[PDB]
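Counting neighbours? That spans all protein chains shown, and the Cβs are built from the backbone with ideal geometry, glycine included. Read the figures in this text as sums done on the coordinates, not as results from a lab.
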Amino acid sequence: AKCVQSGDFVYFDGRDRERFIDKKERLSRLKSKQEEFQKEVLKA
Amino acid sequence: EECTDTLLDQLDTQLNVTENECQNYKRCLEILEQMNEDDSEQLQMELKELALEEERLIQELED
Amino acid sequence: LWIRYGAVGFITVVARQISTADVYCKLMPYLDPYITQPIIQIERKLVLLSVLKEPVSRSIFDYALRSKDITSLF
């Protein structure tokens, strides 16, 4: 439960070594880039 | 074990969805940038001509 | 015509629900095969109804849907 609260866990099958917290940060970063493109598209 | 794998699977799907939307915006921006700038002035001149034709047709229809 | 205008109803409601950026980047690509001209003002029911391509002929559409070998036909 301690690993789940801090998000310091990874898939048990080893398919991906990126932690849940790391994936969450990447998802937020990608969402930010998407909005930046969307804004430039809106301006254009 | 199952709950942790299910949580990572859901987060992995969200990441892909964000990447696809980012790719689409990158493509759409490139498409709008590559589409030659349609002459706003040329369309405005054409519109003024069509309005005159309509006004002519309105008078002709009245007649 | 009921289905045809029904589709206009769906596309017009969808076009009003999404952002203008998404309309051009995502909504337009789904509609492009059925529209005669690329108009950005898809949000106006009158505009979309005016830009629709002519529907399939009832004789053609009915004859295809009535075909027993629709898999082979398609």
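Within segment B:3-21, the set of residues being within 18 Å of A:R19 (Cβ to Cβ), facing another protein chain (nearest Cβ under 9 Å) and not hydrophobic (A, V, I, L, M, F, W, C) comprises B:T4, B:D5, B:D9, B:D12, B:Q14, B:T18. Looking at C:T71, is it surrounded by 10 or more Cβ atoms within 10 Å (Cβ to Cβ), on the phi < 0 side of the Ramachandran plot and hydroxyl-bearing (S, T, Y)? No.
The one condition from (1) touching a helix residue (DSSP H, G or I) at 6+ places or on another chain (Cβ under 9 Å); (2) assigned to a helix (DSSP H, G or I); (3) of a type in the set (D, E, K, R); (4) more than 9 Å from chain B (Cβ to nearest Cβ) that A:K33 does not meet is (4). Would you mind stating whether B:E37 is in a helix (DSSP H, G or I) and acidic (D, E)? Criteria not met by B:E37.
Do you know which residues across chain A are basic (K, R) and closer than 26 Å to B:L32 by Cβ?
Kept after step one, since they are basic (K, R), are these residues of chain A: A:2, A:15, A:17, A:19, A:23-24, A:26, A:29, A:31, A:33, A:39, A:43.
Matches in chain A: A:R29, A:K31, A:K33, A:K39, A:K43.
A:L42 falls short on exactly one of the conditions (1) more than 20 Å from B:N16 (Cα to Cα); (2) within 15 Å of the chain's Cα centre (by Cα); (3) not acidic (D, E), and that condition is (2).
Restricted to segment C:5-74, the set of helices (runs of 4 or more DSSP H) holding at least 2 residues that are aliphatic (A, V, I, L, M) and farther than 22 Å from B:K26 by Cα comprises C:45-51, C:58-65, C:70-73.
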